[PDB]
C-alpha cells in the first residue's frame, strides 16, 4: 500500500500523490521538512467527481504526470485518460478517454509500456516526459505524440540509480518545482534527483527512508 502515482500541480510547491484508490494534496516543501497535507487522504471517486463512475474511481491511479495548465494524464493498467484536475476547486473534467494506452500513445504499441506504465514525471525540456516500466524508461513528447529516442534500460539514462533499488523499476514519481529535480518512490524509500534533459548526469545523493523526511505522510503509508 505505497504511493502508486503522482504529478506536480500548477500551484507552486504542490503535488498530488496516489495510494491504492485514494489520494492526498500536499505542500511538499522541497526545500524543507515541513511538508503538510493540504487535502485528503481522500478517495479518488469522492475528490474527483468526474472519475467517480469510471475504473479510476474504482481502482485508483497507478501512474501519471502533469502536462501543463491544470491538466495531467492518469493511468490504471491498460487504461489512461487526460483530465483537468482543477486544483483547489471543484470543476474536474475528463478531456480524452478513458482509452487504452495504445490508442492514446500509438507509438507504445508492441512495447512493454502498452499494458501499463509504472511511473512518470514531467521534464523541464519542451513537452517532454520520462516514463518507466520494469527496468525500462521512455522519453516522449506528449504534444506531438512522439517517442523522442529509443526505449533504454533505466541505467542508460539515469546512471546514478545503478546499484540502488530504483535500478530495476520505480513505483512512482513526480517532478519538483525546483528546476531539474524530481522525486522517485519505491517501497518505503524515496529519492530526490537533479536530471539533465538529453544529458547523462548523476545526483542527488541520499536515497532516504520516506517517512523520516516526509512527516506529512505519517499514517498514510503503508495503507493496508
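Heads up, when I say rigid core I mean the largest set of C-alphas that superpose within 1.5 Å between the two forms. Residue numbers count along the first chain shown, from 1.
Take 33-41 and 60-68, fit the other structures onto the shown form by the rigid core, and average the C-alpha distances in 4 other deposited structures of this protein: the farther stretch is 33-41. Annotation: of the segments 24-32 and 161-169, 24-32 departs further from this form in 4 other deposited structures of this protein (C-alpha atoms, root mean square over structures and residues, core superposition).
Per-stretch averaging of Cα B factors for 165-173 and 195-203 places 195-203 on top. Look at the mean CA B-factor for 72-80 and for 140-148 in the entry; the higher one is 140-148. Reading the B-factor column for the CA atoms of 56, 183, 189, 43 in the entry, the top value corresponds to 189. Reading the B-factor column for the CA atoms of 64, 34, 50, 67 in the entry, the top value corresponds to 34.
Among the modelled residues of its chain, residue 220 has a C-alpha B-factor that falls in the highest third, as given in the PDB entry. The deposited CA B-factor of residue 25 belongs to the middle third of values across its chain. Per the PDB record, residue ranking by Cα B-factor puts residue 13 in the middle third of the chain. Per the PDB record, residue ranking by Cα B-factor puts residue 109 in the middle third of the chain.
Residue 103 sits in the lowest third of its chain by CA B factor, as recorded in the PDB entry.
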